[PDB]
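Text of the file protein_11.pdb, holding PDB, C-alpha atoms (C1' of nucleotides):
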MODEL        1
ATOM      1  CA  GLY A   1      46.567  98.781 101.008
ATOM      2  CA  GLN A   2      47.779  97.055  97.843
ATOM      3  CA  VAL A   3      51.274  96.175  96.607
ATOM      4  CA  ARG A   4      52.526  94.431  93.472
ATOM      5  CA  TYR A   5      55.986  93.802  92.046
ATOM      6  CA  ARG A   6      57.956  91.664  89.595
ATOM      7  CA  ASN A   7      61.140  89.876  90.634
ATOM      8  CA  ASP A   8      64.478  90.904  89.163
ATOM      9  CA  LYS A   9      66.206  88.865  86.471
ATOM     10  CA  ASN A  10      68.729  87.843  89.152
ATOM     11  CA  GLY A  11      66.044  86.151  91.264
ATOM     12  CA  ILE A  12      65.630  88.870  93.916
ATOM     13  CA  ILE A  13      62.793  91.315  94.598
ATOM     14  CA  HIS A  14      62.468  94.365  96.834
ATOM     15  CA  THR A  15      59.049  95.459  98.063
ATOM     16  CA  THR A  16      57.619  98.516  99.801
ATOM     17  CA  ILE A  17      55.571  97.393 102.811
ATOM     18  CA  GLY A  18      54.689 100.786 104.246
ATOM     19  CA  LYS A  19      55.894 103.481 106.610
ATOM     20  CA  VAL A  20      58.247 102.307 109.355
ATOM     21  CA  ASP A  21      55.870 103.935 111.848
ATOM     22  CA  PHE A  22      54.008 100.620 111.623
ATOM     23  CA  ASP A  23      54.862  98.339 114.532
ATOM     24  CA  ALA A  24      56.600  94.962 114.538
ATOM     25  CA  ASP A  25      53.287  93.077 114.513
ATOM     26  CA  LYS A  26      52.239  94.949 111.372
ATOM     27  CA  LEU A  27      55.632  94.277 109.789
ATOM     28  CA  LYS A  28      55.337  90.572 110.620
ATOM     29  CA  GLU A  29      51.795  90.204 109.285
ATOM     30  CA  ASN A  30      52.729  92.009 106.060
ATOM     31  CA  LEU A  31      55.836  89.835 105.725
ATOM     32  CA  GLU A  32      53.867  86.610 106.164
ATOM     33  CA  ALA A  33      51.130  87.840 103.821
ATOM     34  CA  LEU A  34      53.601  88.520 101.014
ATOM     35  CA  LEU A  35      55.439  85.277 101.822
ATOM     36  CA  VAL A  36      52.254  83.266 101.304
ATOM     37  CA  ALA A  37      51.497  85.413  98.249
ATOM     38  CA  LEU A  38      54.757  84.438  96.554
ATOM     39  CA  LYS A  39      54.535  80.845  97.787
ATOM     40  CA  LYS A  40      51.270  80.600  95.857
ATOM     41  CA  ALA A  41      53.107  81.544  92.653
ATOM     42  CA  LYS A  42      55.991  79.208  93.570
ATOM     43  CA  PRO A  43      56.086  77.179  90.323
ATOM     44  CA  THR A  44      57.341  73.700  89.469
ATOM     45  CA  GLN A  45      60.294  75.223  87.605
ATOM     46  CA  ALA A  46      61.525  76.535  90.983
ATOM     47  CA  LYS A  47      63.493  73.665  92.510
ATOM     48  CA  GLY A  48      64.702  73.287  96.072
ATOM     49  CA  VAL A  49      64.777  76.140  98.546
ATOM     50  CA  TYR A  50      62.584  79.092  97.583
ATOM     51  CA  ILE A  51      62.815  81.781 100.292
ATOM     52  CA  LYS A  52      66.543  82.545 100.303
ATOM     53  CA  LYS A  53      66.714  85.891 102.132
ATOM     54  CA  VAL A  54      64.054  88.621 102.350
ATOM     55  CA  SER A  55      66.456  91.491 102.977
ATOM     56  CA  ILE A  56      64.295  94.168 104.607
ATOM     57  CA  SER A  57      66.017  97.543 105.056
ATOM     58  CA  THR A  58      65.034 101.217 105.228
ATOM     59  CA  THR A  59      66.333 104.676 104.294
ATOM     60  CA  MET A  60      68.908 104.493 107.115
ATOM     61  CA  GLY A  61      68.964 100.815 108.065
ATOM     62  CA  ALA A  62      70.785  97.675 107.019
ATOM     63  CA  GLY A  63      69.295  94.822 105.023
ATOM     64  CA  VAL A  64      68.536  91.715 107.082
ATOM     65  CA  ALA A  65      66.525  88.595 106.285
ATOM     66  CA  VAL A  66      64.352  86.245 108.346
ATOM     67  CA  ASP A  67      63.584  82.547 108.678
TER
ATOM     68  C1'   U B   1     100.585  80.074  92.875
ATOM     69  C1'   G B   2      95.293  78.296  91.642
ATOM     70  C1'   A B   3      90.238  76.946  93.387
ATOM     71  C1'   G B   4      86.767  79.087  95.749
ATOM     72  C1'   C B   5      84.267  81.238 100.700
ATOM     73  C1'   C B   6      82.787  85.646 104.139
ATOM     74  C1'   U B   7      83.786  90.905 104.735
ATOM     75  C1'   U B   8      85.498  95.693 102.845
ATOM     76  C1'   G B   9      86.152  98.846  98.958
ATOM     77  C1'   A B  10      86.894 100.507  93.480
ATOM     78  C1'   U B  11      83.980  98.498  88.732
ATOM     79  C1'   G B  12      80.141  99.738  85.362
ATOM     80  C1'   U B  13      78.158 105.019  78.135
ATOM     81  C1'   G B  14      74.721 103.587  71.459
ATOM     82  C1'   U B  15      71.913 108.141  72.731
ATOM     83  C1'   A B  16      67.720 110.303  73.217
ATOM     84  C1'   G B  17      71.373 113.566  78.254
ATOM     85  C1'   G B  18      74.280 118.999  82.585
ATOM     86  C1'   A B  19      76.448 112.420  81.687
ATOM     87  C1'   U B  20      81.285 106.195  81.337
ATOM     88  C1'   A B  21      71.917 105.711  82.962
ATOM     89  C1'   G B  22      74.092  97.918  85.665
ATOM     90  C1'   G B  23      68.214  95.517  87.949
ATOM     91  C1'   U B  24      66.541  97.723  92.893
ATOM     92  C1'   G B  25      63.019 101.598  95.322
ATOM     93  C1'   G B  26      64.873 105.324  99.072
ATOM     94  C1'   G B  27      61.388 108.258  99.286
ATOM     95  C1'   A B  28      61.790 114.326  98.864
ATOM     96  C1'   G B  29      65.850 115.638 100.950
ATOM     97  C1'   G B  30      70.150 113.634 102.397
ATOM     98  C1'   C B  31      75.659 114.366 102.871
ATOM     99  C1'   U B  32      78.432 118.061 104.954
ATOM    100  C1'   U B  33      82.956 121.604 110.953
ATOM    101  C1'   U B  34      83.581 113.260 112.135
ATOM    102  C1'   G B  35      84.443 120.446 107.913
ATOM    103  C1'   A B  36      81.970 122.173 101.442
ATOM    104  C1'   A B  37      82.785 123.988  97.233
ATOM    105  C1'   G B  38      86.113 126.277  94.241
ATOM    106  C1'   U B  39      91.908 125.823  93.740
ATOM    107  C1'   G B  40      97.758 123.849  93.219
ATOM    108  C1'   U B  41      98.952 117.806  93.136
ATOM    109  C1'   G B  42      99.340 111.266  93.280
ATOM    110  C1'   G B  43      96.710 108.873  90.256
ATOM    111  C1'   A B  44      95.241 104.186  87.878
ATOM    112  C1'   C B  45      90.962 102.829  85.393
ATOM    113  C1'   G B  46      90.067 104.190  81.231
ATOM    114  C1'   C B  47      83.633 103.457  75.656
ATOM    115  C1'   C B  48      90.463 109.370  76.138
ATOM    116  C1'   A B  49      84.854 111.966  78.096
ATOM    117  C1'   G B  50      84.410 110.753  82.655
ATOM    118  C1'   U B  51      84.883 107.570  88.246
ATOM    119  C1'   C B  52      87.477 107.572  92.761
ATOM    120  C1'   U B  53      90.766 108.825  96.181
ATOM    121  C1'   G B  54      95.752 110.591 100.120
ATOM    122  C1'   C B  55      98.533 115.408 100.560
ATOM    123  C1'   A B  56      97.997 121.452 101.038
ATOM    124  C1'   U B  57      94.249 125.855 101.082
ATOM    125  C1'   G B  58      89.315 126.538 101.610
ATOM    126  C1'   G B  59      86.129 124.329 105.440
ATOM    127  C1'   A B  60      80.395 126.007 104.263
ATOM    128  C1'   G B  61      78.901 124.137  99.842
ATOM    129  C1'   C B  62      77.811 120.395  95.907
ATOM    130  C1'   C B  63      74.080 117.584  94.509
ATOM    131  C1'   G B  64      66.518 117.225  93.813
ATOM    132  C1'   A B  65      62.127 115.298  91.082
ATOM    133  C1'   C B  66      65.386 119.856  89.009
ATOM    134  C1'   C B  67      65.825 120.550  82.454
ATOM    135  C1'   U B  68      64.877 116.846  80.144
ATOM    136  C1'   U B  69      65.952 111.778  79.376
ATOM    137  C1'   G B  70      62.469 104.792  76.619
ATOM    138  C1'   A B  71      65.134 103.608  82.107
ATOM    139  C1'   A B  72      66.615 109.226  87.373
ATOM    140  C1'   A B  73      69.395 110.852  91.216
ATOM    141  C1'   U B  74      73.777 108.328  91.231
ATOM    142  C1'   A B  75      70.284 112.750  98.476
ATOM    143  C1'   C B  76      71.009 108.451 101.532
ATOM    144  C1'   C B  77      69.860 103.516 102.373
ATOM    145  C1'   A B  78      70.752  98.718 102.036
ATOM    146  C1'   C B  79      70.154  93.946  98.417
ATOM    147  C1'   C B  80      71.685  91.905  93.975
TER
ENDMDL
END

Just dump the structure as structure tokens.
Amino acid sequence: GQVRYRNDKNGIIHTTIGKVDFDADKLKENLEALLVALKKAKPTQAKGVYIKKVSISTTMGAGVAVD
RNA sequence: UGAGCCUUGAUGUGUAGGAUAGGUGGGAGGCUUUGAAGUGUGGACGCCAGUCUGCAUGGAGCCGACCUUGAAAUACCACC
């Protein structure tokens, strides 16, 4: 559907993607969609590396990032 | 004995509140015989009210959005 969020003052944001029933392909497409979304807003004031760690977790799962 | 690093924990009050509300969103139920509340103790922290925990009984109960609260569960889960 639609999702919108505002990053934390500490430079980190958490986002709801959907129900974990979705498969890995859905997770990956949503991840890349939001990645491009935030890379559009990537401003000049943001120097150097931008995507540090997108720690995806769940109600009973650990938080891990991707490339 | 410093400087950090990774990991594990404890640490977080104007007060609108059942209250020592750190951003998060985890989504409405988790934790619990891998043992509950409720009781007799070691506590340090202590915004002297409250957090946590080993020991002994209990070992089946507390916490829900609950009732609010500008900011809600602090059921868990991770991140910071």

Write out as a list in words every residue belonging to chain A that has an atom at most 8 Å from any atom of chain B, counting all atoms listed in the file.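 The contacting residues on chain A are residues 8, 9, 10, 12, 13, 14, 15, 16, 55, 57, 58, 59, 60, 61, 62 and 63 of chain A.
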
Could you write out as a count of residues only the residues that the PyMOL selection byres ((chain B and resi 16) around 9) matches in the shown file? 4

In terms of the shortest atom-to-atom distance over only C-alpha atoms (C1' of nucleotides), which of B:29, B:59, B:22, B:4 is closest to residue 75 in chain B?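 The answer is B:29, which sits nearest to residue 75 in chain B.
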
Translate the PyMOL selection byres ((chain B and resi 63) around 10) into a concrete residue list for this structure, as a PyMOL selection string. chain B and resi 30-31+61-62+64+73-75

Gap from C1' of residue 47 in chain B to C1' of residue 10 in chain B - Å, one decimal: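 That distance, rounded to one decimal, is 18.4 Å.
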
Work out how far apart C1' of residue 18 in chain B and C1' of residue 46 in chain B are and give it in Å to one decimal.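 One can read the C1' of residue 18 in chain B to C1' of residue 46 in chain B distance as 21.7 Å.
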
For this file, the PyMOL selection byres ((chain B and resi 58) around 10) selects which residues, as a list in words?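 Applied to this file, the PyMOL selection byres ((chain B and resi 58) around 10) selects residues 36, 37, 38, 39, 57, 59 and 60 of chain B.
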
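Atom pair CA of residue 39 in chain A / CA of residue 27 in chain A: separated by 18.0 Å.
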
Would you mind listing what lies within 12 Å of residue 41 in chain B as JSON, numbers by chain, with only C-alpha atoms (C1' of nucleotides) counted and same-chain residues fewer than 3 positions away left out? {"B": [54, 55, 56]}

Please dump the current selection as a PDB file, keeping the file's coordinate frame; keep C-alpha atoms (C1' of nucleotides).
ATOM      1  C1'   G B  54      95.752 110.591 100.120  1.00  0.00           C
ATOM      2  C1'   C B  55      98.533 115.408 100.560  1.00  0.00           C
ATOM      3  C1'   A B  56      97.997 121.452 101.038  1.00  0.00           C
TER       4        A B  56
END
